[PDB]
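Convention: sequence-line order gives letters A, B, ...; per-chain numbering from 1. Just so you know, ligand 1 is whichever comes first in the structure, and atom 1 is the first atom listed for that ligand. As a basis for the values below, the full set of heavy atoms in this structure was taken, side chains included, without hydrogen atoms, waters or symmetry mates.
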Number of protein chains: 2
Amino acid sequence: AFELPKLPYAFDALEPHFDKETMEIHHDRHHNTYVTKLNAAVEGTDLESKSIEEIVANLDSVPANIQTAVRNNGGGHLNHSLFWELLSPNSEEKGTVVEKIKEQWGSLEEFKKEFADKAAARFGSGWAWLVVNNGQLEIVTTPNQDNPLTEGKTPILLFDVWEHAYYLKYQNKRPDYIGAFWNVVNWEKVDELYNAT
Amino acid sequence: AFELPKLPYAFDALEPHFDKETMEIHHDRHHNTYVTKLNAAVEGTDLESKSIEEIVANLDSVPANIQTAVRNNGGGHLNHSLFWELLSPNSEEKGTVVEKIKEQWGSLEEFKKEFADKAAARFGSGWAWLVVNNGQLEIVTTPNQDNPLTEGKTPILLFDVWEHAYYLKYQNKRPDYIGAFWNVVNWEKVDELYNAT
Ligand SMILES: [Mn+2]
Ligand SMILES: [Mn+2]
């Protein structure tokens with residue numbers, strides 16, 4: 001059922017912020033593995049015909065015998081699918097959400113310091129998120145491949161803090177990785193996800 | 001109070017199984033970070049003069065203000081301290097526990113298949129363990145820096161499946177990493193920990 005989406009750019013398009021070796025392994029191996037395991041878990045079930053957003057939104061209703069496989073591999077597919085679309089080689093910091101962030105945090109620089117603090121604080125594997133929670137912007141972090149959509153919050157930006165996302169280039173220096181992320185955020189896609197709510 | 005232990009061997013001693021670049025970063029950065037944060041949690045407390053094993057065994061009675069910091073960083077300090085001692089450049093597959101494994105599983109290769117399967121199936125960051133429970137051996141995995149000692153089971157072998165442990169050499173290929181581990185297990189130390197029970 002589910003397919004590995006193509007990247008919207010070359011593996012080396014985000015250099016020198018994200019390394020081309022990481023982009024290839026992250027997409028062609030890790031994300032591909034999530035698609036493979038997700039297809040195995042939903043094969044022959046009533047989940048087969050559902051969009052991955054509908055599955056992750058309604059994860060709490062997935063049968064107990066496949067719920068962990070779908071939480072982990074469905075989460076992995078959705079989160080990596082959003083991540084590729086939310087990166088861009090020629091990121092401009094403007095648009096609807098940048099204006100909303102400035103209004104709420106006072107500056108982009110204040111927003112980035114809170115985002116970096118929470119992203120650096122996530123212990124073990126997970127994600128940092130900008131979400132809309134009942135019309136208000138919030139930063140949250142989740143473990144493993146958990147997604148805030150499961151708790152009725154709409155993600156508009158995410159950031160992978162699994163070690164596979166940064167180890168080849170940055171090793172233990174997750175703060176340097178978070179720093180490099182601001183250079184490649186696709187604020188056009190962030191706006192698109194925000195305006196859809 | 002707590003100090004970063006000295007490795008018992010050179011950073012390149014476990015080549016070609018575990019790369020020297022990883023051994024240096026793993027010990028000097030990741031383990032060092034857990035010691036720093038553990039010392040900040042416990043400074044001037046009761047816990048400051050206790051062994052890390054008694055702290056981690058009794059986590060359920062550490063007060064809520066520092067419980068998470070001690071779980072994560074206390075865990076990180078104990079788990080990495082045990083890991084360095086349980087690796088050797090002079091691994092020999094014999095002794096008390098190797099014989100017990102052969103008796104219980106039938107052969108070392110069947111034990112290794114079960115361990116490799118459970119270690120491969122730990123989703124996100126964590127550890128695979130050989131524990132003593134109810135007079136027999138059991139393979140268990142835990143998330144992040146959780147340690148079976150906290151649940152009253154004594155570990156005798158552990159294996160780090162945090163991506164920092166293998167990403168520079170193995171990238172996504174966790175099974176090849178698990179394969180390499182058998183070549184550097186300190187079965188002398190495994191016997192020491194087992195016979196102490
Ligand atoms: Mn990832
Ligand atoms: Mn480690």
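- When distances from the Mn ion (ligand 1) to the N, O or S atoms of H80(A) are compared, NE2 comes out shortest.
- Ring centers of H26(A) and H31(A): at least 6.0 Å apart, outside the cut-off.
- In this structure, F18(A) has its ring center closer than 6.0 angstrom to the ring center of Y177(A).
- Nearest to the Mn ion (ligand 1), among the N, O or S atoms that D160(A) has, is OD2.
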Problem - Test side chain to side chain contact (heavy atoms under 4.5 Å, CB included) applied to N79(A) and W127(A), step by step - result: CA-CA 9 Å; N79(A) 302 342; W127(A) 294 79; 3.6 Å; yes
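- Within the coordination shell of the Mn ion (ligand 2), defined by N, O or S atoms under 2.8 Å, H31(B) is absent.
- Salt bridge absent: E24(A) and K20(A) never bring a charged side-chain N and a carboxylate O closer than 4.0 Å.
- In summary, an N, O or S atom of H164(B) is located under 2.8 Å from the Mn ion (ligand 2).
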